[PDB]
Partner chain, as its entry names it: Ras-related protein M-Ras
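To begin, one chain is listed below as structure tokens, in the form deposited without the partner chain.
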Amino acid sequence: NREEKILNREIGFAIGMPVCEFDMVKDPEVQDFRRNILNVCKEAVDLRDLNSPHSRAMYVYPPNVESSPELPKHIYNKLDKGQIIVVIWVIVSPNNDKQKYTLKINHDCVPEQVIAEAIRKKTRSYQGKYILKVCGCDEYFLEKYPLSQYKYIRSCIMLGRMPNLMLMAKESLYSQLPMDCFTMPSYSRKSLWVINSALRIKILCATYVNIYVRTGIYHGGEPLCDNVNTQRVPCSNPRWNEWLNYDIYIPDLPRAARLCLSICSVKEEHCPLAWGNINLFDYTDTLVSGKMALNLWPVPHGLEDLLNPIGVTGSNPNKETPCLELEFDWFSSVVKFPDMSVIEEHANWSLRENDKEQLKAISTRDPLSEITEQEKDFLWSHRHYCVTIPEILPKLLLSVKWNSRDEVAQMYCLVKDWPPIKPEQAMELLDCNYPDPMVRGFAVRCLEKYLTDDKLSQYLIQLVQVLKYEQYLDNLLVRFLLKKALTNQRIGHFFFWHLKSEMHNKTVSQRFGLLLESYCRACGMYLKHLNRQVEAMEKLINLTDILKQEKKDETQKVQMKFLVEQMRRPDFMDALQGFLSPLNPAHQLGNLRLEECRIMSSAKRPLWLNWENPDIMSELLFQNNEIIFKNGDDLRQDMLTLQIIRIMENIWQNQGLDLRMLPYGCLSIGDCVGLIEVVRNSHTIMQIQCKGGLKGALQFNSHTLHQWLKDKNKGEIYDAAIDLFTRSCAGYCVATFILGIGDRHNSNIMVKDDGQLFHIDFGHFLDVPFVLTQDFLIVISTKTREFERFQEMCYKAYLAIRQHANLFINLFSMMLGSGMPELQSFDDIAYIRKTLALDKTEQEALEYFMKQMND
């Protein structure tokens, strides 16, 4: 049909590759995924069309709310007797005159009550036929949440700013909602464990080789038996035809067993050349048999062993690579993995107070803390009591002998009825350590039952990452993520972008490509806006690449002239004008203010772009939006660091210490190509010093910052600015120490006109003292009550963050999958286990941090 073809073209533009390439993939799992994934799209669409137009309006404009309605003590105290002052705006007449109405109302009021009191205050001079929009952006208060629970409202209460909302007729918004029509695509319409034998595989021959073959059987990262080296054969004739036998009975193979192979050379000096991984069982539970051709992958940098087990599974798309031919035993009939019923049958067939408290203390430990064989057998002998302390499930799982079908079946049974645990603890069961499908299903159930969409957006990147650890295209994790992304556009935006930002990686090009196909097919009208964003980023990448490639070594003004010339090309202006900000899709970006765009030139010619805000009430939020488009350096590290900083600020706020951090927006959109939010009214310390040097030929003294702030904050604003600086500074001190952020200096740090301090450009982390300039110490006031409160702040924040070491360590263990340089093995993560003194006690870690900050 016509709709099908147009949708195919748009989806191909959005994903990068055309839809027709997926059809030519003669892979049963690929077509089966493309077809079976559509049930999730159908569920999402039905949930959208369920409750008439309000359901769609909620799908497109979901509430940006905190997970808990309860306010911290200090946040509530900032309220006027538990109430908040709110300005509600109304546009009247065709001229659209803006009339404000100020109200003082209970912080826990529903938007309906707010609208009611607003109409009351307005008539002193309906029937719920209105809704509340945020003045200056496309965020809506469509749900009966308590106002204070909306992130915007809680932010206004924390910042002392006053919330400005616009009253808007509901019909005016529903008229702006397209009648979406998701069209179903055109591509939709035995022996068991009886084998009882040892596993053996024939390595046949290898092509495209320019030595021996090392192989092993693994369950996730652990080997189910010893590795087997084949006969060292000359590279001229890469023909082994050898048979490799392993110390593993065939039915003893767990469900997620994997064959990991690589080709090594010798000088003495063993060196890998090309690696590969194969699923012993396919997506239909069938045990693979017969001949099989696997194209290998190039080696990643800094590989310790001669094998890459943690690497993706599947044949290299580029078939012009090393190709290894293999042979698997073929028995009576097609072998399948047993049904859960046979598992339960074979499982049924197959205690002191001090010991229970020992189990509890074990569960308390952090993930990276190793467990001993004695402790493993101890947890296993007490596997049933561990159900009472559920958060020990990760270590219990780690204590299993996955090469024994008996223990595997009994653990399956224990999982089928295992109690649910917190999402922060359920994510630990999804990294590379736990490839078992039942464990991952339990974790996905925990997430589905106990994860708010706020917390989902807060951890969306880690989940998109752990997607790579999935044994098969079709699994419960991807279906959960896809349902949420197709029922919540705020989540689907960063879902799509986290996926697309890695389409360049042929390791996951297939998986993410198919997932993006399904999403774009079911996402609705937002595909047009995503396409406009993609074309804008395309033009920006073109301009940045061309800039350096052809004009790199010109002067600032000549590069500026060329940038103004090419940026004015109509095919370019149309592309970069009138679209949604990928950093925050609620932000419209209208026409470019070219007079305000420039090339920073600090590193790799970053672009500083400036758009007008076309919002009807842009002036009440910001009339201009600024973004740094950087094509050059990797921003994934920055994304993760800013996420962790936001989480630390959330912890501190919910624990009762107001250390205002600044986790500004940062989004990697492609191979080292990304965007960065621009914090208004912010300058680097080096900028302050240069502006305050007061001498063309003289150096720059430190005592300038306090003077600059006092100038920018005169009167009663002075103490407030000093407090803001001190608190934000203590927060960032503790953050940078714990995370081991790279070299700080006078331009890595920034301050705002009201005193807030923050950091930028997190080059390398996890590889130790703060700058603590005489500037900072003079702003705080060495021997004053101010510094006493400062040290108290720092110690309290260090303890608060030490209390969530499990969460932070799990976040890093999940990000391990992404090919980030400063994060390649658990050894890099151990730096946090160091700086937080996990193996020490509370008082011990307190003394440790005191001494570390004394230096």
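Positions refer to the first chain, counted from 1. Superpose the two forms; the largest set of C-alphas matching within 1.5 Å is the rigid core.
Only in words, not in the display: the form deposited with the partner chain bound, which the text now covers.
- Residues placing heavy atoms within 4.5 Å of the partner chain in the entry with it bound fall in a single listed stretch, namely 90-98, out of 90-98, 222-230, 625-633, 740-748.
- Taking non-hydrogen atoms only, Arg646 never approaches the partner chain to within 4.5 angstroms in the entry with it bound.
- Not displayed here, the partner chain is kept clear of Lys710 by more than 4.5 Å at the level of heavy atoms in the entry with it bound.
- Using a 4.5 angstroms limit between non-hydrogen atoms, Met162 touches the partner chain in the entry with it bound.
- Using a 4.5 angstroms limit between non-hydrogen atoms, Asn354 is distant from the partner chain in the entry with it bound.
- Taking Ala586, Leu103, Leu476, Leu173 one by one, only a single residue has any non-hydrogen atom within 4.5 Å of the partner chain in the entry with it bound, and it is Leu103.
- The contact with the partner chain in the entry with it bound, taken as any heavy atom within 4.5 Å, belongs to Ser125 out of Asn237, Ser341, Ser125, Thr372.
- Residues of 701-726 that come within 4.5 Å of the partner chain in the entry with it bound, judged by any heavy atom, reduce to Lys714 alone.
- In a core superposition between this form and the one not shown, the Cα of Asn241 is the only one among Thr452, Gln687, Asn241, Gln176 shifting by 2 Å or more.
- Once both forms are fitted on their rigid core, the CA atom of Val92 lies 2 Å or more apart between this form and the one not shown.
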